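Here the structure is laid out as structure tokens; the discussion comes afterwards.
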Amino acid sequence: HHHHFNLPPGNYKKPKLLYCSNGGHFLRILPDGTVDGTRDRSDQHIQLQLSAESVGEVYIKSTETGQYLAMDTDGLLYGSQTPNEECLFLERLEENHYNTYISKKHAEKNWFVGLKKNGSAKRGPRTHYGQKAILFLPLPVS
């Protein structure tokens, strides 16, 4: 593995908002497949159903559209209609508190799901350990 295995608590029973404290955005998978953050708690596209593949591996699915969060070969987040290798993330605890999501496909490159302060998604290679953009808190929903 090229990553630790501190796992966050809690479970996948209910959908979550993935709140990025960096700019205070909820991770959003828009119907057109683009991914960004919004501060709008009422947004219909921020409700995410996570599910485990292996322990510590998750899919992150829009409950509204069914799209899976994915990170493509060039590090861009997108919404995938179907689950593929780009859709698996290594969900970890970080700073003893947050959840981070590393692209499993690109795990060796330490490509994370991250949101910038303006709510734009980080491109995988622009992420790294230690960043704020990568730190999410899973909140309740709808």
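For the single chain, residues carry numbers from 1 onward in sequence order.
- A distance-only check finds a donor-acceptor pair linking the side chain of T127 to the backbone of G124 [under 3.5 Å].
- With sequence neighbours excluded, the residues satisfying side-chain hydrogen bond (donor to acceptor under 3.5 Å, both in side chains) with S80 are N84.
- For residues 77-100, no residue pair satisfies the salt bridge (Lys or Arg N to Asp or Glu O under 4.0 Å) rule, not counting sequence neighbours.
- Hydrophobic cluster membership differs between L115 and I102, with clusters built from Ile, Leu, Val, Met, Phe, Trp and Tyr side chains linked at under 4.5 angstrom.
- Applying the salt bridge (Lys or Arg N to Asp or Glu O under 4.0 Å) definition to pairs two or more places apart or across chains, none involves residues 108-135.
- A donor-acceptor pair under 3.5 Å is absent between the side-chain atoms of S21 and the main chain of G24, judged by distance alone.
- With sequence neighbours left out, the side chain to side chain contact (heavy atoms under 4.5 Å, CB included) criterion links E57 to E53, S54, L88, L90, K104.
- Remark: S51 OG to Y59 OH distance equals 7.5 Å, nearest 0.5 Å.
- Applying the side chain to side chain contact (heavy atoms under 4.5 Å, CB included) test to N96 and every residue at least two apart in sequence or in another chain returns nothing.
- By the rule that hydrophobic residues join a cluster once side-chain heavy atoms approach within less than 4.5 Å of another member, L137 and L135 end up as members of one cluster.
- Listed by chain and number, the residues in a side chain to side chain contact (heavy atoms under 4.5 Å, CB included) with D36 are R28, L30 (sequence neighbours excluded).
- Shortest non-hydrogen contact noted between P9 and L93 is CD-CD1, 4.4 Å.
- One distance of note links CD1 of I46 with CG of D40; it measures 6.5 Å at 0.5 Å rounding.
- For residues 72-123, the set of pairs meeting the ring-ring contact (aromatic ring centres under 6.0 Å, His included) definition, not counting sequence neighbours, comprises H106-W111, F112-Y129.
- When atom types are taken as modelled, the side chain of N110 and the backbone of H128 share no donor-acceptor pair closer than 3.5 angstrom.
- With sequence neighbours excluded, the residues forming a side chain to side chain contact (heavy atoms under 4.5 Å, CB included) with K16 are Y12, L50, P138, listed by chain and number.
- At distances below 3.5 Å, not a single donor-acceptor pair connects side-chain atoms of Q67 with backbone N or O atoms of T63.
- Hydrophobic cluster membership is shared by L48 and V113, with clusters built from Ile, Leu, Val, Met, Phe, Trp and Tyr side chains linked at under 4.5 angstrom.
- Hydrophobic side-chain contacts under 4.5 Å tie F5 into a cluster, directly or through other members, with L7, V55.
- In this structure, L27 CG and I60 CD1 are separated by 7.0 Å, a value rounded to the nearest 0.5 Å.
- Within the structure, ring-ring contact (aromatic ring centres under 6.0 Å, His included) pairs that include any residue of residues 21-56 comprise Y19-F26 (at least two apart or interchain).
- One distance of note links CG of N99 with CG of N6; it measures 11.5 Å at 0.5 Å rounding.
- Every residue was checked against the side-chain hydrogen bond (donor to acceptor under 3.5 Å, both in side chains) condition with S142, not counting sequence neighbours, and none meets it.
- Nearest heavy-atom pair, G79 versus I29, reported as atom, atom and distance to 0.1 Å: CA-CG2, 3.7 Å.
- Residues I134 and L77 do not share a hydrophobic cluster, clusters being chains of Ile/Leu/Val/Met/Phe/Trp/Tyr side chains in contact below 4.5 Å.
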Pairs under 3.5 angstrom only: tabulate donor-acceptor contacts from the side chains of residues 68-75 to other protein residues two or more places apart or in another chain.
unit_1 : atom_1 : unit_2 : atom_2 : d
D72    : OD1    : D74    : N      : 2.8
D72    : OD1    : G75    : N      : 2.9
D72    : OD1    : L76    : N      : 2.8

